[PDB]
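Below: one structure, written as structure tokens.
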Amino acid sequence: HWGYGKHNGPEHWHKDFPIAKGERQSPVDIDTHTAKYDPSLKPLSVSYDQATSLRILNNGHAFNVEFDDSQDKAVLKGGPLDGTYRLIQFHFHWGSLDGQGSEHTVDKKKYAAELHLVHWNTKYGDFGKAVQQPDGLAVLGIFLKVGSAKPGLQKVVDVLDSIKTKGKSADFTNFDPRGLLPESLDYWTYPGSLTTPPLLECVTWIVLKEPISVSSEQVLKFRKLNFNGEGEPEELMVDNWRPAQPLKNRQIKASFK
Ligand SMILES: O=C(O)Cc1cccc([N+](=O)[O-])c1
Ligand code: NI
Ligand code: NI
């Protein structure tokens with residue numbers, strides 16, 4: 004019984020999941036001066052035209068927007084990836100204050116939130132099998148700063164009141180995740196892990212350089228969600244980010260000079 008508190012937070016996770024102290028944990032600080040430009044890198048291909056959203060779920064640590072991943076409808080390819088990765092869900096991580104909330108940091112800078120588009124490698128057949136592989140997932144990470152509103156986020160923000168507590172879901176059809184992407188697909192990439200238990204080291208991370216802007220009112224709505232179930236004492240769903248972990252013997256590559 005893990006979470007983000009004083010008594011069950013990231014600093015405790017290693018007692019149940021010793022992989023917490025492993026060699027390829029996420030997130031990490033991206034030192035922009037030591038990331039190396041790689042001209043081997045292929046351009047990223049994001050193909051979201053046929054994406055079929057289904058449902059939005061408060062899972063007690065975040066909310067997830069789930070997709071139909073039973074065909075190649077929304078796929079990531081190229082960049083550092085070999086093969087085809089299917090979109091399964093997106094979620095966010097965010098803070099109690101605008102000055103924290105992202106998991107990755109850039110030259111020690113924390114953004115207000117971070118969006119994770121999670122994709123699994125089709126060569127493994129399903130998600131459950133893919134997470135057991137070192138190349139099973141590809142997560143596209145996008146930083147959020149507070150400024151102007153993001154119009155393409157607003158459909159997500161206005162359903163949040165219907166999923167306030169742990170275990171609530173709502174139908175969430177016809178959502179187009181293209182509206183959450185910044186103009187540029189310049190990125191950094193490195194091998195890492197899930198950032199929640201079970202902390203599996205199955206992720207190729209792809210972190211976009213250009214943040215999206217959201218409004219103060221949009222972020223505020225995220226902070227009204229609850230970690231608890233209905234009928235349990237209220238605890239606001241804030242600060243659901245794991246802090247930066249040691250880079251160890253990894254290199255972060257840049258797609259851009
Ligand atoms: O890294 C995250 O934010 C956590 C995350 C993401 C997607 C799947 C997960 N899972 O535990 O099966 C966990
Ligand atoms: Ni538990
Ligand atoms: Ni995440």
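Going by UniProt numbering, the letters in the sequence shown line up with residues 4 to 260, in that order. Cβ atoms here follow ideal geometry from the backbone N, Cα and C, with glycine treated the same way.
Just to be sure I understand the criterion: a residue counts if its Cβ is closer than 6 Å to at least one heavy atom of ligand 2. Which residues meet that? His4, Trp5
Between the alpha carbons of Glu69 and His17, how many angstroms are there, rounded? 28 Å
Could you tell me if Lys113 is buried or exposed, where buried requires 16 or more neighbouring beta carbons within 10 angstroms of its beta carbon? buried
Within its chain, find whatever has a CB closer than 7 Å to the CB of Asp174; leave out the 5 residues flanking it on each side and keep chain order. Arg58
Suppose you measure from the CA of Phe225 to the CA of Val160; what does that come to, to the nearest Å? 7 Å
Taking 7 Å as the cut-off, is the CB of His119 close to at least one heavy atom of ligand 1? yes
Can the beta-carbon of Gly82 be found closer than 8 Å to that of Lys45? yes
Proximity to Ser105 [Cα-Cα], best of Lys80, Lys227, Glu220, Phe146: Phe146
What's the C-alpha gap between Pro21 and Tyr7? 17 Å
Could you say if the stretch 228-240 and the stretch 86-95 meet the contact criterion of at least three C-beta pairs nearer than 8 Å? no
Closest by C-alpha distance to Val78, when choosing among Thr35, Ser56, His122: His122
Mapping the DSSP letters down to three states, classify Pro180 as helix, strand or coil. helix
Please report how far the alpha carbon of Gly25 lies from the alpha carbon of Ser151, in whole angstroms. 39 Å
Alpha carbons only, please: which of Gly182, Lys153, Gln248 is nearest the one belonging to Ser218? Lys153
Close Cβ partners of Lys260 (< 7 Å) along its chain, the five nearest in sequence each way excluded: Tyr40
Complete runs of the beta strand (DSSP E) confined to the stretch 60-86 [at least 3 residues]: 66-70, 78-81
Quick check: what's the CA-CA separation for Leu120 versus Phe66? 12 Å
For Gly144, which option in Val109, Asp19, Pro201, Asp242 has the closest C-alpha, if you only look at C-alpha atoms? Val109
Output yes or no for whether 8 Å exceeds the beta carbon distance between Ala115 and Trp191. no
Which value, in whole angstroms, describes the spacing of the CA atoms of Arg181 and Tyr51? 7 Å
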